[PDB]
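Enquirer: Sharing protein19.cif here; it has mmCIF, C-alpha atoms and all ligand atoms.
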```cif
data_target
#
loop_
_atom_site.label_atom_id
_atom_site.label_comp_id
_atom_site.auth_asym_id
_atom_site.auth_seq_id
_atom_site.Cartn_x
_atom_site.Cartn_y
_atom_site.Cartn_z
CA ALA A 1 2.09 10.45 14.59
CA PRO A 2 -0.88 12.83 13.98
CA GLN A 3 -4.13 10.88 13.81
CA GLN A 4 -4.71 12.36 10.36
CA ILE A 5 -1.66 10.58 8.90
CA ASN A 6 -2.33 7.45 10.97
CA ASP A 7 -5.86 7.19 9.62
CA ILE A 8 -5.17 7.68 5.91
CA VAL A 9 -2.21 5.30 6.01
CA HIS A 10 -4.23 2.49 7.65
CA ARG A 11 -7.43 3.19 5.66
CA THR A 12 -5.29 2.80 2.52
CA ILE A 13 -2.61 0.17 3.32
CA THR A 14 -4.80 -2.36 5.15
CA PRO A 15 -7.04 -3.22 2.18
CA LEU A 16 -3.90 -3.14 0.03
CA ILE A 17 -2.05 -5.84 1.98
CA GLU A 18 -5.14 -8.05 2.09
CA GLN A 19 -5.99 -7.63 -1.61
CA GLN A 20 -2.42 -8.25 -2.83
CA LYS A 21 -1.63 -10.78 -0.07
CA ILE A 22 1.55 -8.89 0.80
CA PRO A 23 3.47 -10.85 3.50
CA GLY A 24 5.30 -7.89 4.98
CA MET A 25 5.43 -4.16 4.41
CA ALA A 26 6.91 -0.91 5.70
CA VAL A 27 5.71 2.61 4.93
CA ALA A 28 7.28 5.99 5.64
CA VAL A 29 5.26 9.15 5.22
CA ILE A 30 7.32 12.33 5.18
CA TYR A 31 4.93 15.08 6.27
CA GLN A 32 6.37 18.60 6.47
CA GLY A 33 9.88 17.21 6.37
CA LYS A 34 9.36 14.82 9.31
CA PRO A 35 9.13 11.02 8.89
CA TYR A 36 6.38 8.75 10.18
CA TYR A 37 6.67 4.95 10.15
CA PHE A 38 4.29 2.03 9.95
CA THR A 39 5.01 -1.65 9.59
CA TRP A 40 2.94 -4.73 8.86
CA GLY A 41 3.34 -8.49 8.70
CA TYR A 42 6.45 -10.60 8.19
CA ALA A 43 10.03 -10.21 6.99
CA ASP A 44 10.50 -13.99 7.24
CA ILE A 45 7.32 -16.11 7.41
CA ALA A 46 9.13 -19.32 8.35
CA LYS A 47 11.13 -17.85 11.27
CA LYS A 48 8.21 -15.65 12.39
CA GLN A 49 10.32 -12.47 12.08
CA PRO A 50 8.13 -9.33 11.86
CA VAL A 51 8.84 -6.36 9.61
CA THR A 52 10.38 -3.53 11.68
CA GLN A 53 11.99 -0.15 10.94
CA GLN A 54 15.35 -1.97 10.80
CA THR A 55 14.25 -4.52 8.20
CA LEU A 56 16.13 -4.46 4.90
CA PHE A 57 14.17 -4.74 1.66
CA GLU A 58 15.47 -5.22 -1.87
CA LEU A 59 14.79 -1.83 -3.49
CA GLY A 60 14.79 -3.18 -7.02
CA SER A 61 14.79 -0.42 -9.60
CA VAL A 62 14.50 2.33 -6.95
CA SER A 63 18.26 1.68 -6.96
CA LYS A 64 18.30 3.72 -10.18
CA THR A 65 17.63 6.89 -8.16
CA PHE A 66 20.89 6.30 -6.30
CA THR A 67 22.61 5.63 -9.60
CA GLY A 68 21.19 8.77 -11.23
CA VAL A 69 22.27 10.89 -8.23
CA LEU A 70 25.74 9.28 -8.03
CA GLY A 71 26.09 10.00 -11.74
CA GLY A 72 24.88 13.55 -11.16
CA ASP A 73 27.46 13.87 -8.44
CA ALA A 74 30.13 12.76 -10.96
CA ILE A 75 28.96 15.46 -13.41
CA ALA A 76 28.98 18.04 -10.63
CA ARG A 77 32.57 16.98 -9.80
CA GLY A 78 33.59 17.57 -13.42
CA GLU A 79 34.59 13.92 -13.89
CA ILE A 80 32.05 13.24 -16.65
CA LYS A 81 29.65 15.14 -18.94
CA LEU A 82 26.25 13.93 -20.14
CA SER A 83 27.21 15.22 -23.57
CA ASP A 84 30.31 12.96 -23.65
CA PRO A 85 30.11 10.02 -26.05
CA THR A 86 29.90 6.57 -24.49
CA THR A 87 33.17 5.61 -26.17
CA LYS A 88 35.20 8.14 -24.21
CA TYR A 89 34.85 6.02 -21.07
CA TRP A 90 34.92 2.72 -22.94
CA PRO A 91 37.31 3.09 -25.89
CA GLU A 92 36.95 -0.64 -26.39
CA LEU A 93 33.43 -0.05 -27.78
CA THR A 94 34.45 0.25 -31.42
CA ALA A 95 31.29 -0.94 -33.22
CA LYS A 96 29.95 1.86 -35.43
CA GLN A 97 26.45 1.88 -33.89
CA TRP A 98 27.95 3.64 -30.85
CA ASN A 99 28.81 6.85 -32.71
CA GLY A 100 26.48 9.49 -31.37
CA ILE A 101 25.40 7.54 -28.27
CA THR A 102 26.17 9.74 -25.25
CA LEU A 103 26.07 9.18 -21.49
CA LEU A 104 22.82 11.18 -21.49
CA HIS A 105 21.33 8.51 -23.72
CA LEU A 106 22.37 5.54 -21.55
CA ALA A 107 21.25 7.31 -18.42
CA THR A 108 17.79 8.08 -19.84
CA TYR A 109 17.04 4.90 -21.84
CA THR A 110 17.28 6.71 -25.19
CA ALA A 111 20.30 5.02 -26.80
CA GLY A 112 18.02 3.47 -29.36
CA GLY A 113 16.62 0.25 -27.98
CA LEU A 114 18.99 -1.28 -25.41
CA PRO A 115 17.13 -4.26 -23.92
CA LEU A 116 15.47 -4.14 -20.50
CA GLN A 117 17.43 -7.14 -19.37
CA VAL A 118 21.09 -7.90 -19.85
CA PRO A 119 21.12 -11.50 -21.15
CA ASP A 120 21.68 -14.13 -18.47
CA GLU A 121 24.60 -15.45 -20.54
CA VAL A 122 26.51 -12.24 -19.90
CA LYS A 123 28.90 -12.74 -17.00
CA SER A 124 32.48 -11.59 -17.49
CA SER A 125 33.53 -8.05 -18.25
CA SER A 126 34.42 -9.26 -21.76
CA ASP A 127 30.99 -10.94 -21.98
CA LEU A 128 29.56 -7.48 -21.46
CA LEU A 129 31.83 -5.83 -24.03
CA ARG A 130 30.73 -8.45 -26.56
CA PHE A 131 27.06 -7.85 -25.77
CA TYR A 132 27.25 -4.08 -26.36
CA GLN A 133 29.47 -4.42 -29.44
CA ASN A 134 26.96 -6.81 -31.06
CA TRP A 135 23.81 -4.99 -29.95
CA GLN A 136 21.89 -3.43 -32.85
CA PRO A 137 19.82 -0.29 -32.26
CA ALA A 138 16.25 -0.35 -33.52
CA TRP A 139 16.20 3.47 -33.48
CA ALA A 140 18.48 6.45 -33.93
CA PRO A 141 19.90 7.85 -30.68
CA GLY A 142 17.68 10.28 -28.77
CA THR A 143 14.46 9.40 -30.53
CA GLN A 144 12.87 6.59 -28.56
CA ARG A 145 12.64 5.68 -24.85
CA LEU A 146 12.86 2.03 -23.78
CA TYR A 147 13.23 1.53 -20.05
CA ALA A 148 16.23 -0.71 -19.55
CA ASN A 149 18.67 -2.05 -16.99
CA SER A 150 21.29 -2.46 -19.74
CA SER A 151 21.11 1.25 -20.50
CA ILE A 152 21.20 3.05 -17.13
CA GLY A 153 23.23 0.23 -15.68
CA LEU A 154 25.99 0.90 -18.20
CA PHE A 155 25.75 4.61 -17.44
CA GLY A 156 26.38 3.92 -13.75
CA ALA A 157 29.36 1.67 -14.52
CA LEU A 158 30.96 4.23 -16.81
CA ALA A 159 30.14 7.25 -14.66
CA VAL A 160 32.43 6.18 -11.81
CA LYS A 161 35.45 5.24 -13.95
CA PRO A 162 37.25 8.58 -13.80
CA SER A 163 36.97 8.48 -9.99
CA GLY A 164 38.98 5.27 -10.10
CA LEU A 165 36.64 3.85 -7.49
CA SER A 166 34.50 0.74 -7.85
CA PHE A 167 30.79 1.38 -8.21
CA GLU A 168 30.00 0.19 -4.64
CA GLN A 169 32.90 2.13 -3.12
CA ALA A 170 31.86 5.28 -5.04
CA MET A 171 28.21 4.87 -3.97
CA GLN A 172 29.17 4.42 -0.32
CA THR A 173 31.69 7.21 -0.10
CA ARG A 174 29.82 9.77 -2.16
CA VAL A 175 26.16 9.05 -1.46
CA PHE A 176 25.40 6.63 1.41
CA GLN A 177 27.86 8.03 3.98
CA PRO A 178 27.31 11.79 3.51
CA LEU A 179 23.57 11.19 3.85
CA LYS A 180 24.02 8.84 6.82
CA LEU A 181 22.29 5.96 5.07
CA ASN A 182 24.12 3.49 7.32
CA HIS A 183 21.78 0.56 6.70
CA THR A 184 21.72 0.76 2.94
CA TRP A 185 23.82 -1.79 1.05
CA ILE A 186 24.66 -3.06 -2.41
CA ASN A 187 25.98 -6.15 -0.55
CA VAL A 188 24.32 -7.05 2.75
CA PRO A 189 27.10 -7.74 5.25
CA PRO A 190 26.90 -10.91 7.44
CA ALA A 191 26.32 -8.68 10.48
CA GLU A 192 23.11 -7.37 8.88
CA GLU A 193 21.68 -10.64 7.57
CA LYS A 194 19.34 -10.91 10.54
CA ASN A 195 17.47 -7.80 9.27
CA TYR A 196 17.35 -8.93 5.63
CA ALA A 197 13.78 -9.80 4.76
CA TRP A 198 13.00 -12.71 2.44
CA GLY A 199 11.18 -11.78 -0.74
CA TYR A 200 8.20 -13.88 -1.73
CA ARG A 201 7.24 -15.16 -5.16
CA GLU A 202 4.31 -17.55 -5.38
CA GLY A 203 4.85 -18.66 -1.78
CA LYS A 204 8.58 -19.26 -2.15
CA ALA A 205 11.15 -17.24 -0.22
CA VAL A 206 13.76 -15.66 -2.49
CA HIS A 207 16.54 -13.12 -2.54
CA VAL A 208 17.96 -11.38 -5.60
CA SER A 209 20.44 -13.44 -7.69
CA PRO A 210 23.76 -11.99 -8.89
CA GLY A 211 23.58 -10.61 -12.44
CA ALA A 212 25.42 -8.28 -14.78
CA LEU A 213 25.04 -4.60 -13.92
CA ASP A 214 22.90 -5.61 -10.97
CA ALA A 215 24.37 -3.10 -8.48
CA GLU A 216 23.92 -0.21 -10.91
CA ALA A 217 20.38 -1.07 -12.01
CA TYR A 218 18.49 -2.78 -9.18
CA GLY A 219 20.80 -4.04 -6.43
CA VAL A 220 20.40 -1.78 -3.38
CA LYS A 221 18.78 -3.01 -0.14
CA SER A 222 17.64 -0.51 2.51
CA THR A 223 15.45 -0.04 5.57
CA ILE A 224 12.34 2.13 5.84
CA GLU A 225 14.29 4.58 8.01
CA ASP A 226 17.05 5.09 5.46
CA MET A 227 14.61 5.36 2.56
CA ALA A 228 12.72 8.05 4.49
CA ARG A 229 16.03 9.82 4.85
CA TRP A 230 16.70 9.34 1.12
CA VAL A 231 13.35 11.00 0.32
CA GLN A 232 14.16 13.89 2.68
CA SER A 233 17.40 14.45 0.76
CA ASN A 234 15.74 14.57 -2.65
CA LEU A 235 13.02 16.84 -1.26
CA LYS A 236 15.56 19.40 0.03
CA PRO A 237 18.95 18.96 -1.65
CA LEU A 238 19.96 22.39 -0.34
CA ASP A 239 20.23 21.13 3.24
CA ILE A 240 23.02 18.86 1.97
CA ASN A 241 26.51 20.06 2.91
CA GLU A 242 28.55 18.32 0.23
CA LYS A 243 28.50 20.70 -2.71
CA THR A 244 28.76 18.13 -5.52
CA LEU A 245 26.24 15.81 -3.91
CA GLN A 246 23.75 18.67 -3.62
CA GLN A 247 24.17 19.43 -7.33
CA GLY A 248 23.91 15.79 -8.34
CA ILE A 249 20.56 15.40 -6.62
CA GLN A 250 19.26 18.46 -8.43
CA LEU A 251 20.65 17.15 -11.70
CA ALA A 252 18.78 13.86 -11.19
CA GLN A 253 15.55 15.84 -11.08
CA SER A 254 16.24 17.95 -14.19
CA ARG A 255 13.90 17.18 -17.10
CA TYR A 256 15.77 15.74 -20.09
CA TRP A 257 12.97 14.25 -22.17
CA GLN A 258 9.21 14.09 -22.25
CA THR A 259 6.93 11.20 -23.26
CA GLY A 260 3.22 11.43 -22.65
CA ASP A 261 2.96 13.72 -19.64
CA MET A 262 6.04 12.24 -17.95
CA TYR A 263 9.57 13.71 -17.92
CA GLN A 264 12.71 11.61 -17.60
CA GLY A 265 15.39 12.54 -15.10
CA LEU A 266 18.46 10.61 -13.95
CA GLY A 267 16.77 7.61 -12.34
CA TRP A 268 13.82 9.65 -11.08
CA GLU A 269 10.86 10.26 -13.39
CA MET A 270 8.70 13.38 -12.92
CA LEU A 271 5.27 14.89 -13.77
CA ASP A 272 3.93 18.38 -13.00
CA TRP A 273 1.95 18.69 -9.79
CA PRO A 274 -1.00 18.68 -9.58
CA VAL A 275 -1.22 15.43 -11.50
CA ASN A 276 -4.13 13.40 -12.75
CA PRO A 277 -3.95 10.24 -10.61
CA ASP A 278 -5.21 8.15 -13.56
CA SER A 279 -2.15 9.31 -15.46
CA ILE A 280 0.48 8.14 -12.95
CA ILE A 281 -1.55 5.10 -11.92
CA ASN A 282 -2.21 3.67 -15.40
CA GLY A 283 1.17 4.95 -16.58
CA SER A 284 2.96 2.94 -13.90
CA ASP A 285 1.56 -0.28 -15.39
CA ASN A 286 4.26 -2.18 -17.24
CA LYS A 287 1.89 -2.11 -20.25
CA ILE A 288 3.15 1.47 -20.59
CA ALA A 289 6.22 1.77 -18.35
CA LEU A 290 8.19 -0.83 -20.29
CA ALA A 291 6.78 0.07 -23.75
CA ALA A 292 8.93 1.76 -26.38
CA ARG A 293 7.79 5.39 -26.85
CA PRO A 294 8.79 8.52 -28.83
CA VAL A 295 10.43 11.22 -26.70
CA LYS A 296 10.71 14.96 -27.16
CA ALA A 297 14.11 16.31 -26.24
CA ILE A 298 13.90 19.18 -23.75
CA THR A 299 16.51 21.56 -25.12
CA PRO A 300 18.05 22.54 -22.82
CA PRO A 301 16.96 20.46 -19.80
CA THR A 302 14.58 22.21 -17.35
CA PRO A 303 16.07 22.43 -13.83
CA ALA A 304 14.25 20.53 -11.10
CA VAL A 305 10.68 21.85 -10.83
CA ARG A 306 9.59 22.01 -7.19
CA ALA A 307 5.92 21.56 -8.11
CA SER A 308 6.48 18.00 -9.33
CA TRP A 309 5.36 14.56 -8.42
CA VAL A 310 8.78 12.81 -8.43
CA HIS A 311 8.81 9.02 -8.23
CA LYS A 312 10.10 5.57 -9.11
CA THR A 313 8.75 2.06 -8.95
CA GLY A 314 11.05 -0.83 -8.04
CA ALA A 315 10.93 -4.62 -8.13
CA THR A 316 12.86 -7.87 -7.95
CA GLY A 317 11.44 -11.37 -8.09
CA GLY A 318 10.31 -11.20 -4.46
CA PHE A 319 10.04 -7.47 -3.71
CA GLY A 320 8.00 -4.45 -4.77
CA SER A 321 8.87 -0.90 -3.80
CA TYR A 322 7.74 2.65 -4.61
CA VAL A 323 9.02 6.11 -3.74
CA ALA A 324 7.19 9.35 -4.55
CA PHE A 325 7.55 12.92 -3.31
CA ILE A 326 6.42 16.51 -3.97
CA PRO A 327 9.27 18.94 -3.27
CA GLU A 328 7.04 21.99 -3.10
CA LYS A 329 4.86 20.39 -0.42
CA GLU A 330 7.69 18.82 1.62
CA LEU A 331 5.59 15.70 1.19
CA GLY A 332 6.70 12.17 0.36
CA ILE A 333 6.12 8.45 0.87
CA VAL A 334 8.12 5.18 0.74
CA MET A 335 6.36 1.80 0.30
CA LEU A 336 8.46 -1.36 0.82
CA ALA A 337 7.07 -4.88 0.43
CA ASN A 338 8.53 -8.37 0.20
CA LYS A 339 6.23 -9.27 -2.66
CA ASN A 340 6.25 -7.96 -6.22
CA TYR A 341 2.63 -6.78 -6.49
CA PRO A 342 1.31 -4.66 -9.45
CA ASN A 343 2.76 -1.16 -9.88
CA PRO A 344 -0.72 0.43 -10.40
CA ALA A 345 -1.89 -0.71 -6.98
CA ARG A 346 1.30 0.81 -5.47
CA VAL A 347 0.82 4.24 -7.05
CA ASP A 348 -2.90 4.25 -6.29
CA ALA A 349 -2.18 3.72 -2.57
CA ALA A 350 0.54 6.37 -2.57
CA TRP A 351 -1.80 8.77 -4.37
CA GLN A 352 -4.75 8.38 -2.00
CA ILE A 353 -2.35 8.89 0.93
CA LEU A 354 -0.47 11.89 -0.38
CA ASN A 355 -3.50 13.60 -1.95
CA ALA A 356 -5.24 13.33 1.43
CA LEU A 357 -2.38 15.30 2.97
CA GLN A 358 -2.62 18.34 0.60
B1 LIG B 1 13.17 -2.28 -12.11
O1 LIG B 1 12.71 -2.93 -10.86
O2 LIG B 1 12.04 -1.58 -12.75
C1 LIG B 1 13.75 -3.36 -13.08
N1 LIG B 1 13.32 -4.69 -12.64
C2 LIG B 1 13.97 -5.80 -13.00
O3 LIG B 1 14.97 -5.76 -13.73
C3 LIG B 1 13.48 -7.08 -12.53
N2 LIG B 1 12.22 -7.56 -12.73
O4 LIG B 1 11.36 -6.71 -13.58
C4 LIG B 1 10.51 -7.51 -14.45
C5 LIG B 1 11.36 -8.58 -15.20
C6 LIG B 1 9.88 -6.58 -15.52
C7 LIG B 1 9.37 -8.17 -13.64
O5 LIG B 1 9.16 -9.42 -13.79
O6 LIG B 1 8.68 -7.44 -12.84
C8 LIG B 1 14.32 -8.04 -11.74
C9 LIG B 1 15.66 -7.79 -11.30
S1 LIG B 1 16.33 -9.07 -10.44
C10 LIG B 1 14.92 -9.97 -10.60
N3 LIG B 1 14.72 -11.25 -10.09
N4 LIG B 1 13.99 -9.30 -11.29
#
```
Here is the file; what I need is its structure written in the form of C-alpha cells.
Ligand SMILES: *[B]([O])([O])[C][N]C(=O)/C(=N\OC([C])([C])C([O])=O)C1=[C]SC([N])=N1

Expert:
Amino acid sequence: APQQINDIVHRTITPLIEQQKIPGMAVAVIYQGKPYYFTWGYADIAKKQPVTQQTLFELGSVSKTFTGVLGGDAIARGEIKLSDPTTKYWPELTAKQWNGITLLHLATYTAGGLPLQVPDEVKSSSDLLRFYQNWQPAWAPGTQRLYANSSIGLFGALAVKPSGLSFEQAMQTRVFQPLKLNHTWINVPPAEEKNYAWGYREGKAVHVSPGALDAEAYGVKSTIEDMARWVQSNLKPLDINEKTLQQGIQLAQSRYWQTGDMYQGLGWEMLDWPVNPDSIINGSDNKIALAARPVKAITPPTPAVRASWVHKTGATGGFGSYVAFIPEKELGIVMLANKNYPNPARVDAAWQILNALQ
C-alpha cells in the first residue's frame, strides 16, 4: 500500500462518502497489475456489520460486462455470430419488425428503441415472447442507441442457448470459475448471506427484487477482491489460459459503434485515453447515458485499443458501482457502495484517483 495510492484514495473517497452520505463502500485500485483495497462504513447498519474485502455488493449494470464477455466467449467458441439474426436463436419471434435485428444490435442497444426496463408485468417465458413480439421499434436497426436492459439482457439469454446451459450455469462454468471469481454470484447462496451487504434507499435497507432478464442485465453480486480480479482480467486478457475466454474478453472491448466521443463494446463502453474528464463525467449522467442518440457504425469493428479508458457504471435500488481501467497503463479502479449515488460523482472520484497515478 504505497503512501501515494493511500493518500489519493483517502483524499478523494472521504469527502465523497460524506457528501453522498454513503453508508458503506469498498474500493480496489489496481496499480501496475497489483490490487490495493480500502473499505469504509457499514454493510448492514442495523446489525453493525462493517464493509470488508469479503462483503458482497449488488453490481447492478456492471453485470453487463460479464454478459458481454460471456457472449464474446460464445462467439469465440463458434456457437453464435454477432451477424446472426435474432430469430435464429428464437424462431418463435415471428413479428416482422425483427427482420434485420441481429445479436450485435441487442448486445449494443441498437435494435431500434428497446425499452430500458422490461415491464414489471413480464414474468413467464411466454410473457417475454409476447413483449418482444408486440414491441414496436421507433427507429430502423443500427441507427440509434438506447441503453436498455431489455436489449442486452435478451442478447445474454440467446447467446447461451446453443451451449444448452442455463445462463447462470454458463456464466459460472465459462467465466467465474476459470477466473477464480469464487465469491461472485447471480444467486447468493445461504452460506454467503452473512457477507451480503444491504443496499440503502432513502434510509431503508433493500436487496434487488427478482425481475425478467435480471441475471443477464444487472443481477451479479461480488466482493471487492473478485472485482479487482475481474479488472485484472480485462486489463490483460492474454494472461488468461482458456483460449475462448481470452478472445471473448477482447471481443467485449472491440469498438462497434460511436456516439459522441464514446464507443460501444459488449457491456463495456470505451473512450480514447487520454480523455477529457468533463466528457466521461458529464457523459455518465443519466441525462446523457440513458438518452437516445445517433450512432456511427464502425465498419468493421476496431479491435480493443489498449490506450482506452474502459468503464461501466452500475446500480440497483440500493447500490451504486463503477469500474474503470486503462489497459495500456495497467491501471484500474473498482468502486462499490450500498447506496445508489449519482454517476457523475462516481466517475469524478475515479478520475481524480486514476489521473493522479499517471
Ligand atoms: B444499470 O444499473 O445501468 C441498469 N439499472 C437498472 O436497471 C436499475 N435502476 O436504474 C434506474 C431505473 C435508471 C435508476 O433508478 O437508477 C435497477 C435494476 S433493479 C433495480 N431496483 N433498479

Enquirer: Closest to residue 283 of chain A among A:216, A:79, A:121, A:261, using only C-alpha atoms?

Expert: A:261

Enquirer: Determine, counting all atoms listed in the file, which protein, DNA and RNA residues have an atom within 12 Å of an atom of residue 337 of chain A; residues of the same chain fewer than 2 positions away are not included. Present the result as a ChimeraX atom specification.

Expert: /A:13,16-17,20-27,39-44,51-52,55-60,197-201,221-224,313-323,334-335,339-343,346

Enquirer: If we count only C-alpha atoms and set the cut-off at 12 Å, which residues sit around residue 176 of chain A, ignoring sequence neighbours fewer than 2 positions away in its own chain? Please answer as a count of residues only.

Expert: 29

Enquirer: Using only C-alpha atoms and all ligand atoms, which residue out of A:108, A:150, A:53, A:232 lies closest to ligand LIG 1 (chain B)?

Expert: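 Using only C-alpha atoms and all ligand atoms, ligand LIG 1 (chain B) sits closest to A:150.
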
Enquirer: Using all atoms listed in the file, which residues sit within 10 Å of residue 254 of chain A once same-chain residues fewer than 3 positions away are excluded, as a PyMOL selection string?

Expert: chain A and resi 248-251+257+263-266+268-270+298+300-305

Enquirer: Using only C-alpha atoms, which residue out of A:107, A:294, A:351, A:74 lies closest to residue 143 of chain A?

Expert: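 Of the candidates, the smallest distance to residue 143 of chain A is held by A:294.
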
Enquirer: Please, what distance in Å, to one decimal, runs between atom CA of residue 296 of chain A and atom CA of residue 139 of chain A?

Expert: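 Computed distance, atom CA of residue 296 of chain A to atom CA of residue 139 of chain A, equals 14.2 Å.
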
Enquirer: Restricting the calculation to all atoms listed in the file, which member of A:7, A:214, A:127, A:193 is positioned closest to ligand LIG 1 (chain B)?

Expert: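 Ranking A:7, A:214, A:127, A:193 by distance to ligand LIG 1 (chain B), first place goes to A:214.
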
Enquirer: Rank nothing, just name the residue among A:219, A:137, A:72, A:332 nearest to residue 28 of chain A, using all atoms listed in the file.

Expert: A:332

Enquirer: May I have the protein, DNA and RNA residues with an atom at most 9 Å from (31.2, 15.0, 8.1), counting all atoms listed in the file in the file's coordinates, returned as a list in words?

Expert: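 These residues have at least one counted atom within 9 Å: residues 177, 178, 241 and 242 of chain A.
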